[PDB]
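Contents: one structure, followed by commentary.
All values below were derived from every heavy atom in this structure, side-chain atoms included, with hydrogens, water molecules and symmetry-related copies excluded. In what follows, chains carry the letters A, B, and so on, assigned in the order in which the sequence lines appear, proteins first and then strands, with residues in each chain numbered from 1.
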There are 4 protein chains.
Amino acid sequence: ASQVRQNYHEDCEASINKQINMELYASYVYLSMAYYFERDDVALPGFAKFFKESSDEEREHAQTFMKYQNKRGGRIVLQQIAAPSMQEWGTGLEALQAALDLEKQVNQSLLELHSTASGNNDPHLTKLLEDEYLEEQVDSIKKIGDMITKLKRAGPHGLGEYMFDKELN
Amino acid sequence: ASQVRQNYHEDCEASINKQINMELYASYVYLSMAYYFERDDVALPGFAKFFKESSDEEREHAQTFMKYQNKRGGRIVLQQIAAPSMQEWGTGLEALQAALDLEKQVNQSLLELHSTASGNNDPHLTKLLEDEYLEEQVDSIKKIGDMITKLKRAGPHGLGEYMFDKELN
Amino acid sequence: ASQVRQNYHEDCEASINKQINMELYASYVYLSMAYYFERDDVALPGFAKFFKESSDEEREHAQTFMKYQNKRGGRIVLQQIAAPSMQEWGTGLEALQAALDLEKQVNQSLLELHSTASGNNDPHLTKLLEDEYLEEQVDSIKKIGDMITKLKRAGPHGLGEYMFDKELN
Amino acid sequence: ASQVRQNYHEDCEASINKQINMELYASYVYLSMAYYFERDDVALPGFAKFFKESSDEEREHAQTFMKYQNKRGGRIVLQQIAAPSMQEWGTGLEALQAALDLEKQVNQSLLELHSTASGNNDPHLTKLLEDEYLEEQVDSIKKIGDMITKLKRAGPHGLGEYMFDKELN
């Protein structure tokens, strides 16, 4: 084993690898969305910007997990990153609905991983999950909820979609 | 011939002259639009500003071609600049539709001139077209497309036309 | 078709989509390398930094192509990103050898795409390839060659690998 | 009992006292090493500096635990600090091997103390351990692992030891 490894269970190691794949998947989904919103026939720069930032963030999370794996003396195993579920994401509202649903799946996975970490008595890993993942995830989910409500109020189509988009830019 | 002229075919020289006429025509059309949008009964200052800038840009392009003609040792032959197709341009949307058709005709003409230049093996002229004309043209066509989509979303009439006009100003 | 599309052949559109997949694949390979070199049992921070930068660069290239596709009025089709060929990359020297083969495959693909674009008479696309892709690719291949020679001189193992690693950091 | 004491079990109190002794022991070991490396017949200033800093850090940790004991209304009981295991630490590599092994014993003890804290439902103490001890310990262990690998690559004797030492200075 690694000269550094201590109190680091193989299931926690494997589950972090799955989490890295998942964060990269989400990055990729958001990148799809970001550029869908720069189509000449879509043209929503605020949504574009929002998803571009989200793509970058999810990539940073994957990287934090890669760094963590190495830190504990685990070994990073990288898998294929699936194509995003869609090529076209419909309205702004629909894209946010899909992001909300995605963010919650990621959150579910993070909580499962917390539970595995707790059952294996790994308080270094529960603390990482709490400080670096679970708080962010909760803020994100709140923010997207807020956005969805604001957009349904403003629009969610036509002028209201146009105006809401400006608040994101 | 000119003491400077080298590898500069007369068809490329004549085609540049046509192109100067065309850029000046486009300048003039945009000038018409610019001031149509400062009519008391129209009053769209953002559209006005956008077409005033476009009119200036197209005059600069014409001038760049005049300068190029002289660089190569060609001789500038200036023709009549036609009256614009219209005196009144309708809605903001309609004016943008007309700019889009105009920008595309200009693009087609630039590509024809590129093709004449490649067939006459003149890489100095193909490079000019790529660097100074074809790129700006493509960005400009993208930009107008985006604008048209944004305006159809926002308006394209009434409150939406009024708000969209503000993002241009 | 798109309101913006002009002189943009479907084969060039499809080939750009392949190219985006390829640049993202390369990004991913370099990400793998970057973090392989932060393993406690590897510990080559200069190599790590070099491949982390390369991973970022290749993601930016992919994004530039996504943006280009939209500029031209094409439609971005995102595919599965394959797992990297390896999980462990051996020595610094071996990793650079693999980057060199990778950079060259990418170059070959960019040249094929240039050739498709010239055969379809699309000088806007040949210009993009020359300005934004082919030049960086050639510099990058030169740079990696230089690095390989420098590392073979210095090391390529032991004290020499350690010192060479410092010039990258 | 102390006017402040709440939810603070006597076993957690006693175990913190043992932890204070241990941190001071480690400080002392590192101080030994720090000055072994300023012997005229050793002369490794980077290793000297590294261990001097580590000595200071471990003393600060002991002090943080002293402050914590008082904070919860426990009573600090200070014991003799054992002589370090050795008077001479051999090569730089050997000293780092011994530090790695020491850091892991401290880490084991910290995790035992976390477990005692969890079993006594003391989330104030689990949180202290997570934020102020366990993260530091893990970073430290990673860093020393990295160092060991870098030194085995560079040297671990002769010129390579000399050069590696300069990276620590």
Side-chain angles (χ1 to χ4, degrees), chain B residues 12 15-16 19 22 26 61 92-153 156, chain C residues 1-17 19-20 23 60-78 107 110-139:
Chain B
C12 298
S15 187
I16 297 247
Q19 202 65 227
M22 197 187 203
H61 288 169
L93 177 60
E94 288 169 301
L96 292 180
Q97 286 159 339
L100 181 66
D101 305 355
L102 186 57
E103 289 294 318
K104 282 175 134 160
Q105 289 166 51
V106 171
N107 198 34
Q108 198 195 274
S109 183
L110 296 164
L111 295 166
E112 283 165 9
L113 176 43
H114 191 285
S115 167
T116 294
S118 354
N120 293 140
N121 304 114
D122 179 340
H124 183 271
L125 176 54
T126 57
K127 193 252 181 153
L128 177 85
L129 295 166
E130 295 160 20
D131 262 74
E132 298 288 324
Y133 291 93
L134 299 176
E135 205 125 301
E136 259 131 296
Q137 211 56 27
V138 163
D139 292 337
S140 171
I141 293 165
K142 184 44 165 72
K143 199 205 279 158
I144 294 164
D146 285 1
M147 289 169 63
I148 287 172
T149 294
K150 284 194 200 171
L151 180 55
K152 282 180 165 153
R153 180 182 291 108
Chain C
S2 181
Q3 68 192 321
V4 303
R5 192 185 191 114
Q6 190 177 19
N7 189 48
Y8 191 50
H9 197 285
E10 62 180 357
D11 298 350
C12 298
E13 176 179 2
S15 187
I16 297 247
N17 285 332
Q19 202 65 227
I20 286 155
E23 297 300 312
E60 288 149 22
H61 288 169
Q63 286 174 100
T64 298
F65 273 125
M66 292 168 80
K67 183 189 146 145
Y68 185 83
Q69 188 72 283
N70 279 340
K71 262 186 198 172
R72 291 308 295 279
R75 293 296 162 252
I76 295 162
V77 180
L78 294 175
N107 198 34
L110 296 164
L111 295 166
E112 283 165 9
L113 176 43
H114 191 285
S115 167
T116 294
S118 354
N120 293 140
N121 304 114
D122 179 340
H124 183 271
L125 176 54
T126 57
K127 193 252 181 153
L128 177 85
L129 295 166
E130 295 160 20
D131 262 74
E132 298 288 324
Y133 291 93
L134 299 176
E135 205 125 301
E136 259 131 296
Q137 211 56 27
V138 163
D139 292 337

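Formation of a donor-acceptor pair under 3.5 Å by the C/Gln6 side chain with backbone atoms of B/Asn107 is not found in this model.
In this structure, C/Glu130 places its CD atom where more than 12 heavy-atom neighbours from other residues, nucleotides or ligands lie under 6.0 Å away.
Heavy atoms of B/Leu100 lying under 4.5 Å from chain C belong exclusively to its side chain. When heavy atoms are compared at a cutoff of 4.5 Å, C/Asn70 approaches chain B by way of both its backbone and its side chain. Only the side chain of C/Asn7 comes within contact range of chain B, with at least one heavy atom under 4.5 Å from a heavy atom of that chain. With a threshold of 4.5 angstrom between heavy atoms, B/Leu129 does not approach chain C through any atom at all. For B/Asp131, the parts lying under 4.5 angstrom from a heavy atom of chain C are both the backbone and the side chain. Looking at B/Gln137, neither its backbone nor its side chain comes within 4.5 Å of chain C, counting heavy atoms on both sides.
Contact detail for B/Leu111 and C/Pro123: the closest heavy-atom pair is CD2-CG, 3.8 Å.
With a 4.5 Å cut-off on side-chain heavy atoms, C/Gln3 and B/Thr149 count as touching.
With chain C as the partner, the residue from B/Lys142, B/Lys104, B/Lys143 showing the most heavy-atom pairs under 4.5 Å is B/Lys104.
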Assess whether side chain to side chain contact (heavy atoms under 4.5 Å, CB included) is satisfied between C/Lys127 and B/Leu134, documenting all intermediate values. CA-CA 9 Å; C/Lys127 193 252 181 153; B/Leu134 299 176; over 6 Å; no
